[PDB]
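Residue numbers (the entry's author numbering), protein chains in the order written: chain B, 1 to 210; chain A, 2 to 139, 144 to 226; chain E, 334 to 527.
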């Protein structure tokens with residue numbers, strides 16, 4: 001058993017070189033493979049045997065390997081590239097696994113940090129014997145965010161539903177994440193937190209039952 | 002080489018999901034390539050299901066191993082996929098790709114199929130519950150309306166009967182594992198107007214003839 | 334009666350190359366017509382004796398060694414070879430008198446997802462001497478580091494799996510090898526050709 005780890009977001013200006021890394025204990029006895037997936041399209045293979053180019057792949061793409069980490073290097077990144085890129089491998093026990101996915105964004109408009117708003121369960125929802133935390137994220141560029149939930153200061157994973165980043169009016173992006181709780185869980189902890197991370201930066205909001 | 006998916010686009014919860022992939026550019030009976038299934042939930046990462054060979058043996062995920070089985074048919078040049086006891090975390094787009102295994106660690110998917118989206122939901126048509134999102138007591146403030154547990158898409162939201170349009174942001178909806186959607190709409194106003202201006206959200210769900218007008222007021226502690 | 338070559342060549346399962354099998358054949362009449370006359374053998378090289386001449390000689394003991402290696406390693410089963418197989422798993426002597434037979438067994442020894450039953454010794458301190466069989470599973474140490482049977486640093490497992498899968502290249506596909514050693518000992522002739 002293993003997990004392939006890759007960052008969720010990489011931004012580059014036109015013409016520069018983007019570098020995506022992918023690591024894991026698996027990558028010992030294992031090669032790596034890179035796929036590009038455009039919105040609403042099947043993935044396309046870009047790199048064979050860690051570092052090789054198939055026929056339809058232009059020379060601007062290159063792959064490198066370093067210990068337990070492989071690197072997909074795109075030189076002269078143009079607008080034709082913006083997509084989600086995926087690494088892949090398959091251990092001794094024949095376990096064929098994917099990474100989480102990296103969204104490339106060609107920084108046309110300047111980097112925009114997300115604005116995060118966190119709502120507690122309304123008094124009306126509690127009286128219907130339910131509880132929903134509403135965390136809303138908007139006005140970020142590039143359009144790739146990751147959301148972490150916290151009970152007091154402990155991670156929460158169950159009952160989390162999060163949208164994909166979606167392009168909004170001003171070419172920035174928007175997203176939302178929901179936590180479903182029983183009113184007992186909501187009133188048990190002193191506070192819940194919504195942690196949004198955007199390109200290394202992290203914005204956190206917190207609400208309490210009052 | 003081309004790969005085409007086939008099968009029903011809806012599966013109720015806890016059921017068997019059947020899918021059949023048909024290739025048309027080579028031969029599945031070849032002794033150099035596997036035939037797998039890969040899925041990804043909407044806006045999530047990829048996840049390999051299982052790869053099958055022209056014989057019969059195959060290998061699947063550790064997680065999805067008991068409720069998964071794969072078949073092939075060299076005569077019809079197609080392999081299939083069966084997923085027993087489908088929960089609603091299985092809502093994803095299912096691709097069938099072609100798998101190459103030259104040496105012991107070399108394992109890639111050379112040409113992918115376009116993939117079908119199968120949405121698992123016993124989701125019958127249902128109107129939404131509308132709850133106010135009161136502005137926090139702690144120069145601007147955000148208030149909104151929670152539109153919860155409806156099916157199918159979509160719903161329309163306006164504020165003060167469309168008279169208020171500046172500062173409104175209606176977010177795209179989530180697809181819960183109940184099969185039901187949920188959506189939020191917020192309007193940002195100056196903090197000095199929370200006590201002198203009325204804010205009412207107008208929610209319309211045409212499939213259910215639902216229309217709810219919910220006043221949003223600051224929360225009373 | 335006849336010599337039981339069928340029990341070795343037509344055996345349903347072979348041994349890993351590190352623990353290669355040895356069948357001692359004695360007190361029987363052998364026919365080397367049928368052997369060279371098959372067409373399923375991809376390698377058939379004889380050293381020190383012609384394959385058609387074996388029907389005329391008498392030996393004291395004929396040894397049949399059988400194991401499984403991948404296709405690219407078949408070249409190492411020969412006198413005066415080096416490599417992981419020739420140095421650590423099965424060494425033939427430099428004056429080897431016999432024939433080496435091998436055939437592609439991909440239909441038999443490879444599994445979808447990998448057949449991890451066939452192993453080979455990857456680590457050893459000094460080279461195997463001719464016809465030596467090392468079956469040790471002791472954790473190889475390169476220096477002096479505490480570990481206690483825990484695969485850590487300077488403390489790894491010496492055997493390694495092939496993981497034969499059917500879509501592999503023929504260089505990585507399983508090959509069944511039978512090594513016929515003809516020991517013309519000074520003694521009573523037990524195995525003659527006819």
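For every residue, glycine included, the Cβ atom is placed at its ideal position computed from N, Cα and C.
Need the endpoints of the beta strand (DSSP E) that residue i sits in, please.
| i | result |
| --- | --- |
| residue 205 of chain B | 201-207 |
| residue 483 of chain E | Careful: residue 483 of chain E lies outside any beta strand (DSSP E) and carries neither H nor E. |
| residue 27 of chain B | That residue, residue 27 of chain B, is in no beta strand (DSSP E); it is neither H nor E in DSSP. |
| residue 96 of chain A | 93-96 |
| residue 516 of chain E | 507-516 |
| residue 195 of chain B | 192-198 |
| residue 73 of chain A | 69-74 |
| residue 57 of chain B | Counting along the chain, residue 57 of chain B falls outside any beta strand (DSSP E), and DSSP gives it neither H nor E. |
| residue 378 of chain E | 376-380 |
| residue 118 of chain A | 117-121 |
| residue 213 of chain A | No beta strand (DSSP E) contains residue 213 of chain A, which DSSP labels as neither H nor E. |
| residue 51 of chain A | 48-53 |
| residue 22 of chain A | 16-24 |
| residue 91 of chain B | That residue, residue 91 of chain B, is in no beta strand (DSSP E); it is neither H nor E in DSSP. |
| residue 171 of chain A | From DSSP, residue 171 of chain A is part of no beta strand (DSSP E); its letter is neither H nor E. |
| residue 319 of chain E | Lying outside 334 to 527, the shown extent of chain E, residue 319 of chain E is not represented and no answer is given. |
| residue 1 of chain A | A question about residue 1 of chain A goes unanswered here, because the residues of chain A that appear run from 2 up to 226. |
| residue 490 of chain E | From DSSP, residue 490 of chain E is part of no beta strand (DSSP E); its letter is neither H nor E. |
| residue 98 of chain B | 96-98 |
| residue 6 of chain A | 4-7 |
Is the separation between the beta-carbon of residue i and that of residue j shorter than 9 Å?
| i | j | result |
| --- | --- | --- |
| residue 178 of chain B | residue 152 of chain B | no |
| residue 505 of chain E | residue 398 of chain E | no |
| residue 194 of chain A | residue 205 of chain A | no |
| residue 69 of chain B | residue 23 of chain B | yes |
| residue 144 of chain B | residue 198 of chain B | yes |
| residue 157 of chain A | residue 126 of chain A | yes |
| residue 87 of chain B | residue 33 of chain B | yes |
| residue 6 of chain A | residue 96 of chain A | yes |
| residue 466 of chain E | residue 355 of chain E | yes |
| residue 452 of chain E | residue 423 of chain E | no |
| residue 512 of chain E | residue 410 of chain E | yes |
| residue 446 of chain E | residue 213 of chain A | no |
| residue 144 of chain A | residue 119 of chain B | no |
| residue 176 of chain B | residue 135 of chain B | yes |
| residue 15 of chain B | residue 76 of chain B | yes |
| residue 37 of chain A | residue 89 of chain B | no |
| residue 122 of chain B | residue 132 of chain A | yes |
Where do the ends of the alpha helix (DSSP H) carrying residue i lie?
| i | result |
| --- | --- |
| residue 212 of chain B | This structure gives no information on residue 212 of chain B, because the portion of chain B shown stretches from 1 to 210. |
| residue 124 of chain B | 123-127 |
| residue 434 of chain E | Not the alpha helix (DSSP H): residue 434 of chain E falls in the beta strand (DSSP E), residues 431-437. |
| residue 339 of chain E | 339-342 |
| residue 397 of chain E | Residue 397 of chain E -> not in any alpha helix (DSSP H); beta strand (DSSP E) instead, spanning 394-403. |
| residue 367 of chain E | 366-369 |
| residue 421 of chain E | 417-421 |
Since residue i and residue j are thought to touch, with beta carbons under 8 Å apart, how far apart are those beta carbons, to the nearest angstrom?
| i | j | result |
| --- | --- | --- |
| residue 110 of chain B | residue 138 of chain B | With a Cβ gap of about 16 Å, residue 110 of chain B and residue 138 of chain B do not count as contacting. |
| residue 46 of chain B | residue 61 of chain B | 6 Å |
| residue 435 of chain E | residue 508 of chain E | 5 Å |
| residue 73 of chain A | residue 18 of chain A | Their Cβ separation, rounded to whole angstroms, is 17 Å, which puts residue 73 of chain A and residue 18 of chain A out of contact at 8 Å. |
| residue 184 of chain A | residue 123 of chain A | 6 Å |
| residue 514 of chain E | residue 431 of chain E | 5 Å |
| residue 146 of chain A | residue 191 of chain A | Wrong, their Cβ atoms sit about 10 Å apart, outside the cutoff. |
| residue 36 of chain B | residue 79 of chain B | Incorrect: roughly 14 Å between the Cβ atoms, too far for contact. |
| residue 91 of chain B | residue 21 of chain B | At roughly 19 Å, the Cβ-Cβ gap does not stay under 8 Å, so residue 91 of chain B and residue 21 of chain B are not in contact. |
| residue 450 of chain E | residue 375 of chain E | About 22 Å separates the two Cβ atoms, so there is no contact after all. |
| residue 121 of chain A | residue 14 of chain A | 6 Å |
| residue 77 of chain A | residue 135 of chain A | Incorrect: roughly 60 Å between the Cβ atoms, too far for contact. |
| residue 401 of chain E | residue 349 of chain E | 7 Å |
Comparing the C-beta of residue i with each C-beta of chain D, is any distance below 9 Å?
| i | result |
| --- | --- |
| residue 141 of chain B | Among the protein chains of the structure shown, namely B, A and E, there is no chain D. |
If contact means a Cβ-Cβ distance below 9 Å, which residues of the region 74-103 of chain A contact chain E? Of all residues in the region 74-103 of chain A, only 100, 101, 102 and 103 place a beta-carbon less than 9 Å from a beta-carbon of chain E.
Entirely enclosed beta strand (DSSP E) segments - the region 177-202 of chain A, minimum 3 residues: For the region 177-202 of chain A, the continuous beta strand (DSSP E) assignments of 3+ residues that do not extend past its boundaries occur at 186-195, in sequence order.
Under 9 Å (Cβ pairs) to chain E, residues found in the region 155-167 of chain A: If the cut-off is 9 Å between Cβ atoms, the region 155-167 of chain A has nothing near chain E.
Going along the region 64-98 of chain B in order, which residues come within less than 7 Å of chain E, judged by CB to CB distance? For the region 64-98 of chain B, the set of positions with a beta-carbon nearer than 7 Å to some beta-carbon of chain E reads 92 and 94 in chain order.
Using a Cβ cut-off of 7 Å, which residues of the region 40-73 of chain A contact any Cβ in chain E, in chain order? Answer in chain order: 54, 56, 58, 59 and 60.
For the region 495-523 of chain E, list every residue whose C-beta sits within 9 Å of some C-beta in chain B, in sequence order. From the region 495-523 of chain E, only 496 and 498 have a Cβ closer than 9 Å to chain B.
Taking only beta carbons into account, state which residues of the region 424-446 of chain E come closer than 9 Å to chain A, listed in chain order. Cβ contacts with chain A come from 439, 444, 445 and 446.
In chain order, each alpha helix (DSSP H) run of at least 4 residues that lies wholly inside the region 116-164 of chain B: Runs of the alpha helix (DSSP H) inside the region 116-164 of chain B: 123-127.
Tell me which residues of the region 143-176 of chain B have at least one Cβ-Cβ distance to chain A shorter than 8 Å, keeping chain order. Cβ contacts with chain A come from 161, 162, 163, 164, 165, 166, 168, 174, 175 and 176.
Which residues, in order along the region 17-41 of chain B, keep a beta-carbon less than 7 Å from a beta-carbon of chain A? Taken in chain order, the members of the region 17-41 of chain B whose beta-carbon sits within less than 7 Å of a beta-carbon on chain A are 29, 30, 31 and 33.
What are the residues of the region 188-204 of chain A that lie near chain B, defined by any Cβ-Cβ distance shorter than 7 Å? Residues 189 and 191.
Along the region 106-137 of chain A, where does the CB come closer than 8 Å to a CB of chain E? Name the residues. Answer in chain order: no residues at all.
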